[PDB]
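Asks: Please see the structure below; I have some questions.
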Amino acid sequence: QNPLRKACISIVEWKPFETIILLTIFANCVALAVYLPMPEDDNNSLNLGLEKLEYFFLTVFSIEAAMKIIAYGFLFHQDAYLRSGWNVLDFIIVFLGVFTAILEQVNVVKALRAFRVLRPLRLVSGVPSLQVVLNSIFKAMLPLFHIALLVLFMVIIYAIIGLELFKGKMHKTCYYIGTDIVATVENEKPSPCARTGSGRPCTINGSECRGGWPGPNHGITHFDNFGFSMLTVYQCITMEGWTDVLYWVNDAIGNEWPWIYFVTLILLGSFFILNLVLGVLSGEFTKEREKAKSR
Amino acid sequence: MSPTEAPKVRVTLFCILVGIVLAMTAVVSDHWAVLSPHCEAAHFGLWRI
Amino acid sequence: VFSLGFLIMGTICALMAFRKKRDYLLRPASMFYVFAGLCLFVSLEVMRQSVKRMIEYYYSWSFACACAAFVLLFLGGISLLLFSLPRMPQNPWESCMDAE
Amino acid sequence: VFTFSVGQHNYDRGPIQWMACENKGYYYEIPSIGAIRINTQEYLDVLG
Amino acid sequence: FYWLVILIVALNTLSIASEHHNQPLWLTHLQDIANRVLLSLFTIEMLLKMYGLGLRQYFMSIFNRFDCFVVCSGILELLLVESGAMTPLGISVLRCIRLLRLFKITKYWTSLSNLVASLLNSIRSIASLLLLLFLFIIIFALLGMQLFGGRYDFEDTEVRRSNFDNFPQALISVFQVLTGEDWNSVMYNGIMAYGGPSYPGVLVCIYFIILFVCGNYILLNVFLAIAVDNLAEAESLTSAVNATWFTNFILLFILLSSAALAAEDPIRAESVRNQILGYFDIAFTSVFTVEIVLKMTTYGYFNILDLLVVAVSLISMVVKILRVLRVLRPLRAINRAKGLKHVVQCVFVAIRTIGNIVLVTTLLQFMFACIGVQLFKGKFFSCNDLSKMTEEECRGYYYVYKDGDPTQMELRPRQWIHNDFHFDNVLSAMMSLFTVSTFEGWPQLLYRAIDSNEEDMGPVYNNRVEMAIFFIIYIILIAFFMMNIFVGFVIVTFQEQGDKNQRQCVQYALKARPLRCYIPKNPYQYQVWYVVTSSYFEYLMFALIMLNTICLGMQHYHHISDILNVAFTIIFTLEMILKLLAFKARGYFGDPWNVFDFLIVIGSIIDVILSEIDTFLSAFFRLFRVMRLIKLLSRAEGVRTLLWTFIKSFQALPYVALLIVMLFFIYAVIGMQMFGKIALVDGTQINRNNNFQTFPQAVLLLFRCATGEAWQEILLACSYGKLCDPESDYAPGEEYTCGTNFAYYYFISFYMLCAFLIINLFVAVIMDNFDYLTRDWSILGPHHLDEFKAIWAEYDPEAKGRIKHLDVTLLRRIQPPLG
Ligand SMILES: CCCCCCCCCCCCCCCCCC(=O)OC[C@H](COP(=O)([O-])OCC[N+](C)(C)C)OC(=O)CCCCCCCCCCCCCCCCC
Ligand SMILES: CCCCCCCCCCCCCCCCCC(=O)OC[C@H](COP(=O)(O)OCCN)OC(=O)CCCCCCCCCCCCCCCCC
Ligand SMILES: CCCCCCCCCCCCCCCCCC(=O)OC[C@H](COP(=O)(O)OCCN)OC(=O)CCCCCCCCCCCCCCCCC
Ligand SMILES: CCCCCCCCCCCCCCCCCC(=O)OC[C@H](COP(=O)(O)OCCN)OC(=O)CCCCCCCCCCCCCCCCC
Ligand SMILES: CCCCCCCCCCCCCCCCCC(=O)OC[C@H](COP(=O)(O)OCCN)OC(=O)CCCCCCCCCCCCCCCCC
Ligand SMILES: COC(=O)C1=C(C)NC(C)=C([N+](=O)[O-])[C@H]1c1ccccc1C(F)(F)F
Ligand SMILES: [Ca+2]
């Protein structure tokens, strides 16, 4: 591009730069690790000296970004620095860093503070073996596209079925008579209850089954709208606590029908699906081994 | 004649006719429910109890 | 009444499917039976819950008749539809709705 | 000085016992509700 | 010496695997008066055959390279216990090094040392993919330390051990969410730390949704890769009356004989129904006692099983164990069913393949159990209240506070309790590690081994947070690596007994047939036929379907939700009749998708008229409007192709799923017999929802255990301490005698069996499909040969065989890969 009037830094660019910026980003990772998160605006001594250290780590990466940006075009000039694959990531990193660091000393919140955990990704840039390893997974997840478009649609179908069948059913429970305390037993978790139905009537002596109960898992597991129904369907599909949802529906509406909904979702959603991905990926491994066996 | 005069479709169309007759009688035979408050035994149906 | 109407409309297609090589006609007929069956079941529902809103209760004779007619019609329509629908291809060339 | 370290936490207690052992006082730990009664009536032992 | 040197290592193993808690003193005496002598006997074997192999050949083979390490560590450790090296943790972390000598029987087997010749290179080559997993874990722990760090400060008294308060704890939490165990409770704590089930809070679920899926995926991939490559190395380097009447009538009567075992009542001894099946038993027995002579009056290994079955059905017409021996009644169907015995024997020949990888795993399990006994033996005791740290202090009563309210307390007697899964011997250690390797209850063993204080004292919160390493290596070796090379073993072995593309296409271009299109005459009805198959029309149909789907999601809890239902019902029933008129009810019912559409339309009509009949005066008829977006699978040809491809091979192998249903049947009957009288009390794991009283309930319990739920808690809900059901029969005062300690043999076996057969069904269905999965989608294939079929049936509305010559101009419409 422009003449060699600005490239006063391309002389030490080819020095062993990797064996110093790697140790710097590793020390940055360590200073990120030993940080202690304290509740409600509290801090200690070591947490104060680790924010003065984010000025030594944000000033090295930034001057190296300058050294690499002006050594190749104004910004790109041929899509050189910015459009280099693993040089845009580092730019966003050191461009959010300074941004939020000067923002923290302009109102003198913590949302952009959490973008500080992307700096550990720089180590992948540091070693090219990791760079080629990381690009193989995004190369092998394209055959898993017709499986994801099937899992998404199955989750959306079962969410709507559960929204039609169970919406607003797990809202009664048995409190103590005249109280707002749920009445349970030693290891029992608060489950739904039924009055005038095939559901469960609860047994504790001074207890009555009335409504106004936010739901089973503090109000998180229920088919009350599309978002929560999607959430509980997805949770069941991972085969984690699906029997709890089944049992709560059994307590709410009745024992004989609801299993059809959950044994079908666990067979189709979990076993059939994981069997699909265990075949599609092993087939991809086999074909990428066979194409290389001819080399 | 593959699906229409095979034996495996005729056995099923046989099994259908049993359901046909038992259903056309079930609408008319009120012999499926009793109630006894407690001698006033009842017999429910679809049209008249 | 709707269930018996479905049985009526299904027997027609079940019989007209025997002539003129109208085998395709056995595909809708089956389905009608299914709904008939299904209808019978929800019929059950109503009566059942009525029995538990009126004392003792007990189903003696015709509940078996209905619980048999429903399951037979339902399973038979489903299996008739499975037998009229040709086959899952099972081969890279075979296909559903293939020429004879 | 009587110092009390309350709760089940991961913080350093050395300085608190030092404040206790230096100024003629005592150091108590209250991890739960069941310890409150007996640990809050025991300073009368030191005062005596 | 080839066997005398294995005799000494076996004598040493049987002595290091006999150290338990509270062992007799003579046992402690034996265990070291048999260690110094055996260490010196390991010393003579590093001298005489050292001198036999000269000078420099005791460093050429890595085999005897670490054997000098054994002697160095042994003597150095002998002289460090006569020193101030106390702190039993320190004295025992060398007795774990003492275990490093068992590798002398692994020293001696060919195939047990041949497999590691590339298994060790597996990690070494993949060390840059395992590192990406480590970096993923570290980034997600550093993100969890920001989102939920110091935010689990709920005022209640309930302990939440899996938090993100510091970096080791965040690592433990992220690893536990990765293994999948109890991740939903971590998510619930994360949701309650924020607002709650509201708009700000619930978005913190995304974190977990990204941590599980994209975290499982990567991991899985890595392991799979490793497995396949390491297995290739171990597979390529080594490479270089007698009619149908009788049989079909007896076969349909063994199923009745079996289902008479299903329908039963274990609680009611002779229930009103039970003697009906007792009478049917004589019928099902005497129809079989005749056909044992119609088979061996014509004649004099598989029918002796049947004769024993009928003999035990005759002698029955303590001894009550014989009633468990009548569960092989369906095991005789492997006689007549010929396709059944083929897979029953293909499974017994597939077990011989996996016998090499089971012994190395069992040995790793044993050695990790020994390390566990050296670490956490005696340390899994506790008191009811966690303020008393000794069995002598844990006496009397204490108060418990409900909901953590200091003004609402109850009295509870305090008792010195032992954990249910502990590390006192190698049997208990192996059981604990077995429950850990299935990922169930492993955080409760972790946070209990972290609090381990001393040999007979109670826990201390966050005492030893480094103990987590013991639980994170074992999980990575056994549950992530050995289990994955087991699956790689079975998949690569199935791979073989399963050119090719030319063969497939020359078979295609022979047996394929033409396709019918139903292109009609009569331009007056050809008019509506033209607007029926327009891409614009079907795209309007697809858009209407997605509009109905988005209208189905708008419903919530606490009327324009039914008028639109009727409006869509009308749109679809008019589309159906218009398609019918354009196809004359002959081309319409030819397409299965049109059969499904007709099904949906009839169901929707019935639903709307039922709802307005109900408002003029069925919860499942409302499901037919949801089934509509299934016909959205008539457009996505890749998804439809994948679904058909897998459903084909799932239908091709029903005799491998028959094995699973037989396993479930047998185990459910045996469990109804063994533990079927236990009470149904809430707060326990045998309750109204999960029990053994009836056959459906037992089958659903076994399905829950198959899915790997808290099966190790049902295993403890049936162990000779359980209150009997009041309806049962038992002597007074003799109540807590239900349940048997046979549960450990019942569950541990079942899981294993249920994990084998399932894996089997996963591999067959995969290898039967290895054509479509290992296919280059560009070079060649049947998709082009279906392109040809389509463009050919275009010119040929009715099949009528083949077609005219010119319309030869079609060859200009083909892709160059084929045209
Ligand atoms: C994406 C490709 C395919 C993905 C999905 C493929 C299939 C789609 C999912 C299948 C639907 C699951 C079955 C519905 C769940 C029923 C639960 C239930 O009935 O309880 C609630 C309700 C309980 O509600 P309720 O009526 O008691 O509540 C109020 C009480 N009253 C009204 C009395 C005041 O049960 C019913 O309404 C009756 C249902 C009985 C009949 C339904 C069972 C048959 C359903 C279809 C069978 C097909 C099986 C699966 C197909 C194969 C797919 C793998
Ligand atoms: C390489 C693999 C990559 C890994 C993939 C990662 C998946 C990303 C997850 C995406 C999640 C999207 C969430 C965005 C929802 C928008 C937020 C919102 O407004 O909805 C709130 C919702 C309902 O409203 P709410 O606030 O609860 O109601 C209170 C009264 N107003 O309240 C809620 O509860 C919203 C929560 C919805 C969460 C649904 C989760 C189900 C989706 C998982 C299925 C995907 C399976 C992937 C399989 C692919 C295989 C490789
Ligand atoms: C794709 C990959 C994997 C594929 C591999 C194939 C293996 C599949 C294995 C999965 C089996 C899951 C079985 C789940 C069915 C359980 C039924 C159930 O839980 O219903 C409970 C309900 C309770 O009623 P009850 O016990 O009478 O008491 C209440 C009375 N007021 O009971 C009822 O009200 C109705 C009871 C009738 C239900 C019968 C239908 C199923 C029952 C058993 C089916 C299987 C039979 C043999 C076991 C084979 C299963 C493998
Ligand atoms: C590559 C594969 C993976 C790719 C990743 C994709 C990730 C997507 C998964 C995340 C989706 C979860 C969305 C969660 C939010 C749902 C809406 C919601 O949160 O609230 C429910 C809302 C009403 O709730 P409420 O707040 O009570 O309203 C009034 C309150 N007084 O009611 C609503 O308004 C919600 C209505 C939405 C209904 C939609 C149902 C289906 C629509 C999609 C079908 C089209 C398929 C996409 C086509 C793509 C083809 C390639
Ligand atoms: C190199 C050496 C050569 C040796 C090779 C021998 C190979 C044998 C491999 C078998 C697998 C063993 C792994 C199981 C872990 C051990 C379980 C155990 O020992 O349990 C201990 C239990 C008592 O423990 P505790 O908690 O103290 O309670 C006592 C109160 N009664 O006491 C018990 O009652 C437990 C009873 C154990 C029952 C085991 C049943 C296993 C049957 C599985 C067969 C199917 C496997 C094939 C499929 C594999 C595919 C994955
Ligand atoms: C016997 O080995 C074992 O102790 C096993 C442990 C400890 N855990 C579990 C879950 C097993 N299992 O049967 O699924 C086997 C295991 C585990 C990893 C690889 C192979 C096997 C094998 F045993 F099945 F071979
Ligand atoms: Ca689990």
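Identifiers in this document derive from the order of the structure tokens: chains are assigned A, B, ..., residues are numbered from 1 separately in each chain, and ligands are numbered from 1 in order of occurrence.
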Go through the chains and note each residue within 9 Å of ligand 1, using only C-alpha atoms and all ligand atoms, then give the set as number ranges by chain.
Replies: A: 150-158, 161-162, 164-166, 169, 197-198, 249, 253-265, 267-269; C: 38, 42, 45-46, 49; E: 618-623, 626-627, 629-630, 633, 643
Asks: Got time to write the residues from that selection, N, CA and C atoms, as a short mmCIF file (atom, residue, chain, number, x, y, z; two decimals), in the first residue's frame?
Replies:
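So the final result, stored in selection_12.cif, reads:
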```cif
data_model
loop_
_atom_site.label_atom_id
_atom_site.label_comp_id
_atom_site.auth_asym_id
_atom_site.auth_seq_id
_atom_site.Cartn_x
_atom_site.Cartn_y
_atom_site.Cartn_z
N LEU A 150 -34.36 -31.37 12.65
CA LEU A 150 -35.34 -32.33 13.13
C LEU A 150 -35.55 -32.26 14.63
N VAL A 151 -34.48 -32.09 15.41
CA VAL A 151 -34.63 -31.89 16.85
C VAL A 151 -35.37 -30.60 17.17
N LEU A 152 -35.08 -29.50 16.46
CA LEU A 152 -35.82 -28.27 16.68
C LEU A 152 -37.31 -28.46 16.44
N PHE A 153 -37.67 -29.11 15.35
CA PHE A 153 -39.08 -29.28 15.02
C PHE A 153 -39.77 -30.26 15.96
N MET A 154 -39.08 -31.30 16.41
CA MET A 154 -39.68 -32.20 17.39
C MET A 154 -39.90 -31.51 18.73
N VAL A 155 -38.93 -30.71 19.17
CA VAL A 155 -39.14 -29.94 20.39
C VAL A 155 -40.31 -28.98 20.23
N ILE A 156 -40.43 -28.33 19.07
CA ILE A 156 -41.54 -27.41 18.86
C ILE A 156 -42.88 -28.13 18.79
N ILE A 157 -42.92 -29.37 18.29
CA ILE A 157 -44.17 -30.11 18.25
C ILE A 157 -44.57 -30.56 19.64
N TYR A 158 -43.63 -31.10 20.42
CA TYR A 158 -43.98 -31.59 21.75
C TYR A 158 -44.27 -30.44 22.70
N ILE A 161 -47.89 -29.69 21.93
CA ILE A 161 -48.75 -30.73 22.48
C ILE A 161 -48.91 -30.56 23.99
N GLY A 162 -47.79 -30.38 24.71
CA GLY A 162 -47.88 -30.17 26.14
C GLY A 162 -48.56 -28.88 26.53
N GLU A 164 -51.08 -27.68 24.84
CA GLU A 164 -52.50 -27.96 24.67
C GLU A 164 -53.04 -28.86 25.77
N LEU A 165 -52.25 -29.81 26.26
CA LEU A 165 -52.77 -30.80 27.20
C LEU A 165 -52.59 -30.43 28.67
N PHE A 166 -51.55 -29.68 29.03
CA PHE A 166 -51.24 -29.46 30.44
C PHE A 166 -51.23 -28.00 30.86
N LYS A 169 -52.47 -26.65 34.85
CA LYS A 169 -52.99 -27.80 35.58
C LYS A 169 -52.22 -28.01 36.87
N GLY A 197 -60.97 -35.01 40.98
CA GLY A 197 -60.33 -35.52 39.79
C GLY A 197 -59.66 -36.84 40.08
N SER A 198 -58.99 -37.37 39.07
CA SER A 198 -58.24 -38.61 39.22
C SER A 198 -56.82 -38.38 39.72
N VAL A 249 -47.20 -34.37 36.46
CA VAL A 249 -48.40 -34.41 35.63
C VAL A 249 -49.34 -35.51 36.10
N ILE A 253 -53.25 -34.30 36.80
CA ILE A 253 -54.41 -34.62 35.98
C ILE A 253 -54.83 -36.08 36.05
N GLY A 254 -53.95 -36.99 36.44
CA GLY A 254 -54.32 -38.39 36.42
C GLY A 254 -53.18 -39.30 36.00
N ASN A 255 -53.32 -40.59 36.27
CA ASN A 255 -52.20 -41.51 36.20
C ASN A 255 -52.10 -42.26 34.88
N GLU A 256 -53.22 -42.44 34.17
CA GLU A 256 -53.28 -43.44 33.11
C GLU A 256 -52.85 -42.92 31.74
N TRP A 257 -53.20 -41.70 31.38
CA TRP A 257 -52.84 -41.16 30.08
C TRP A 257 -51.45 -40.54 29.96
N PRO A 258 -50.97 -39.75 30.93
CA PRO A 258 -49.80 -38.89 30.65
C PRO A 258 -48.53 -39.61 30.24
N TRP A 259 -48.32 -40.86 30.66
CA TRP A 259 -47.10 -41.57 30.29
C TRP A 259 -46.90 -41.64 28.79
N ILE A 260 -47.99 -41.73 28.01
CA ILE A 260 -47.87 -41.78 26.56
C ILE A 260 -47.10 -40.58 26.04
N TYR A 261 -47.25 -39.42 26.67
CA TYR A 261 -46.55 -38.23 26.22
C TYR A 261 -45.06 -38.30 26.52
N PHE A 262 -44.67 -38.95 27.61
CA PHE A 262 -43.29 -38.88 28.06
C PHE A 262 -42.46 -40.07 27.62
N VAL A 263 -43.05 -41.26 27.52
CA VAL A 263 -42.30 -42.39 26.98
C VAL A 263 -42.07 -42.23 25.48
N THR A 264 -42.95 -41.53 24.78
CA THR A 264 -42.75 -41.25 23.37
C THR A 264 -41.71 -40.17 23.13
N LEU A 265 -41.66 -39.15 23.99
CA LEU A 265 -40.67 -38.10 23.86
C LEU A 265 -39.28 -38.59 24.25
N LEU A 267 -38.26 -41.84 23.89
CA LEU A 267 -37.82 -42.73 22.83
C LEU A 267 -37.43 -41.96 21.57
N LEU A 268 -38.35 -41.16 21.04
CA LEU A 268 -38.06 -40.39 19.83
C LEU A 268 -37.03 -39.30 20.10
N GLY A 269 -37.24 -38.49 21.13
CA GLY A 269 -36.41 -37.32 21.34
C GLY A 269 -35.01 -37.63 21.80
N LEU C 38 -62.51 -43.79 17.34
CA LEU C 38 -62.14 -42.67 18.20
C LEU C 38 -63.39 -42.03 18.79
N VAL C 42 -64.54 -41.23 22.91
CA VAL C 42 -64.90 -40.01 23.62
C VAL C 42 -66.33 -40.11 24.13
N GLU C 45 -65.99 -41.47 27.40
CA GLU C 45 -65.58 -40.40 28.31
C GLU C 45 -66.80 -39.79 28.98
N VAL C 46 -67.71 -39.27 28.16
CA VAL C 46 -68.86 -38.55 28.69
C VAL C 46 -69.59 -39.43 29.70
N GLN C 49 -67.68 -40.10 33.01
CA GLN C 49 -67.63 -39.06 34.03
C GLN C 49 -69.01 -38.80 34.61
N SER E 618 -63.48 -34.19 25.43
CA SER E 618 -62.51 -34.59 24.42
C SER E 618 -61.32 -33.65 24.40
N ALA E 619 -60.25 -34.03 25.10
CA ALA E 619 -59.05 -33.22 25.18
C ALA E 619 -58.01 -33.60 24.13
N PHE E 620 -58.20 -34.71 23.42
CA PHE E 620 -57.19 -35.21 22.50
C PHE E 620 -57.54 -34.96 21.04
N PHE E 621 -58.80 -34.66 20.73
CA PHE E 621 -59.15 -34.28 19.37
C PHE E 621 -58.57 -32.93 18.98
N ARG E 622 -58.15 -32.13 19.96
CA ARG E 622 -57.49 -30.87 19.72
C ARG E 622 -56.04 -31.05 19.28
N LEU E 623 -55.56 -32.29 19.23
CA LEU E 623 -54.21 -32.59 18.79
C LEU E 623 -54.08 -32.70 17.28
N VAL E 626 -52.40 -29.65 15.75
CA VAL E 626 -50.96 -29.65 15.97
C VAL E 626 -50.23 -30.57 15.02
N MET E 627 -50.82 -31.71 14.67
CA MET E 627 -50.23 -32.64 13.72
C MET E 627 -50.08 -32.04 12.33
N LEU E 629 -48.26 -29.40 11.20
CA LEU E 629 -46.91 -29.05 10.80
C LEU E 629 -46.01 -30.26 10.62
N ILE E 630 -46.56 -31.47 10.70
CA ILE E 630 -45.82 -32.66 10.28
C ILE E 630 -45.77 -32.77 8.76
N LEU E 633 -42.99 -31.86 6.37
CA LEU E 633 -41.93 -32.79 6.01
C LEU E 633 -42.09 -33.32 4.59
N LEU E 643 -34.86 -39.37 7.73
CA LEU E 643 -35.88 -40.07 8.51
C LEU E 643 -36.22 -41.42 7.89
#
```
Asks: At a cut-off of 9 Å, using only C-alpha atoms, what residues contact residue 16 (chain B)? Leave out same-chain residues fewer than 4 positions from it and give the result as a PyMOL selection string.
Replies: (chain B and resi 11-12+20-21) or (chain C and resi 33+69+72-77)
Asks: Produce a file of the selected residues containing N, CA, C and O atoms, as a short mmCIF file (atom, residue, chain, number, x, y, z; two decimals), in the first residue's frame.
Replies:
```cif
data_model
loop_
_atom_site.label_atom_id
_atom_site.label_comp_id
_atom_site.auth_asym_id
_atom_site.auth_seq_id
_atom_site.Cartn_x
_atom_site.Cartn_y
_atom_site.Cartn_z
N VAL B 11 -59.20 -60.85 6.53
CA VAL B 11 -59.28 -61.14 7.96
C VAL B 11 -59.51 -59.86 8.75
O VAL B 11 -60.27 -59.84 9.73
N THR B 12 -58.88 -58.76 8.33
CA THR B 12 -59.09 -57.50 9.03
C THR B 12 -60.48 -56.93 8.76
O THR B 12 -61.11 -56.39 9.67
N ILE B 20 -68.38 -53.36 14.14
CA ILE B 20 -69.55 -52.69 13.56
C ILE B 20 -70.81 -53.08 14.32
O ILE B 20 -71.59 -52.22 14.75
N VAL B 21 -71.03 -54.38 14.50
CA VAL B 21 -72.27 -54.83 15.11
C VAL B 21 -72.28 -54.50 16.60
O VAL B 21 -73.29 -54.05 17.14
N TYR C 33 -63.44 -45.56 9.65
CA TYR C 33 -63.56 -46.48 10.77
C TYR C 33 -62.78 -45.98 11.97
O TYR C 33 -63.32 -45.89 13.08
N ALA C 69 -65.83 -52.90 20.77
CA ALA C 69 -66.09 -52.31 19.46
C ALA C 69 -65.09 -51.19 19.16
O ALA C 69 -64.57 -51.11 18.05
N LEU C 72 -61.51 -52.65 18.53
CA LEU C 72 -61.48 -53.41 17.29
C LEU C 72 -61.55 -52.49 16.08
O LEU C 72 -60.76 -52.62 15.15
N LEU C 73 -62.49 -51.54 16.07
CA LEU C 73 -62.60 -50.60 14.97
C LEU C 73 -61.31 -49.80 14.80
O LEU C 73 -60.80 -49.64 13.69
N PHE C 74 -60.76 -49.30 15.91
CA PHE C 74 -59.56 -48.47 15.84
C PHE C 74 -58.37 -49.25 15.30
O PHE C 74 -57.75 -48.85 14.30
N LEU C 75 -58.04 -50.37 15.94
CA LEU C 75 -56.91 -51.17 15.51
C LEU C 75 -57.11 -51.71 14.09
O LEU C 75 -56.17 -51.77 13.30
N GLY C 76 -58.35 -52.08 13.75
CA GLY C 76 -58.60 -52.62 12.43
C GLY C 76 -58.49 -51.58 11.34
O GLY C 76 -57.97 -51.86 10.26
N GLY C 77 -58.97 -50.37 11.60
CA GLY C 77 -58.78 -49.30 10.63
C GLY C 77 -57.32 -48.93 10.47
O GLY C 77 -56.85 -48.72 9.35
#
```
Asks: Using only C-alpha atoms, which protein or nucleic acid residues come within 9 Å of residue 679 (chain E)? Drop anything in the same chain fewer than 4 positions from it, and give the result as a PyMOL selection string.
Replies: chain E and resi 686-687+691+722-726+738
Asks: Just to be explicit: take each residue in the selection above, keep N, CA and C atoms, and write the result as a tab-separated table (two decimals), in the first residue's frame.
Replies:
```tsv
chain	number	residue	atom	x	y	z
E	686	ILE	N	-39.87	-45.79	46.44
E	686	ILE	CA	-40.96	-46.71	46.11
E	686	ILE	C	-42.23	-46.03	46.59
E	687	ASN	N	-42.98	-45.42	45.68
E	687	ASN	CA	-44.10	-44.57	46.04
E	687	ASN	C	-45.25	-44.83	45.08
E	691	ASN	N	-43.21	-47.95	41.61
E	691	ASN	CA	-43.32	-49.13	42.47
E	691	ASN	C	-43.26	-50.38	41.61
E	722	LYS	N	-37.55	-52.82	54.72
E	722	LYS	CA	-38.64	-52.02	54.19
E	722	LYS	C	-39.97	-52.47	54.76
E	723	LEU	N	-40.77	-51.50	55.18
E	723	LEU	CA	-42.10	-51.79	55.70
E	723	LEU	C	-42.94	-52.49	54.65
E	724	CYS	N	-43.68	-53.52	55.07
E	724	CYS	CA	-44.51	-54.28	54.16
E	724	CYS	C	-45.84	-53.57	53.92
E	725	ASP	N	-46.41	-53.81	52.75
E	725	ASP	CA	-47.70	-53.22	52.42
E	725	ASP	C	-48.77	-53.77	53.36
E	726	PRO	N	-49.67	-52.93	53.87
E	726	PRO	CA	-50.64	-53.41	54.87
E	726	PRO	C	-51.56	-54.50	54.34
E	738	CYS	N	-39.87	-56.67	54.41
E	738	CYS	CA	-40.04	-56.65	52.96
E	738	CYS	C	-38.77	-56.13	52.30
```
Asks: Separation of CA of residue 344 (chain E) and CA of residue 761 (chain E), in Å?
Replies: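 Result for CA of residue 344 (chain E) versus CA of residue 761 (chain E): 12.6 Å, one decimal.
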Asks: Considering only strand (DSSP E or B) as DSSP defines it on the backbone, what residues of region 316-480 of chain E qualify? List them as a ChimeraX atom specification.
Replies: /E:381-383,397-401,409-413,416-418
Asks: As a list in words, please: every protein or nucleic acid residue near ligand 3 (cut-off 6 Å, counting only C-alpha atoms and all ligand atoms).
Replies: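 Residues satisfying the distance criterion: residues 255, 256, 259, 267, 271 and 272 of chain A; 657, 660, 661, 664, 665, 694, 696, 697, 699, 700 and 703 of chain E.
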Asks: Select all residues from chain E having any atom no more than 6 Å from an atom of chain A (counting only C-alpha atoms, ignoring ligands), output as number ranges by chain.
Replies: E: 128, 149-150, 197, 553, 556-557, 639, 683, 766, 773-774
Asks: Using only C-alpha atoms and all ligand atoms, find each protein or nucleic acid residue lying at most 9 Å from ligand 6; present the set as a ChimeraX atom specification.
Replies: /E:354-366,430-431,433-439,477-487,748-749,751-756
Asks: From region 182-286 of chain E, collect each residue whose DSSP state is helix (DSSP H, G or I) and return the set as number ranges by chain.
Replies: E: 183-193, 202-236, 244-262, 274-286
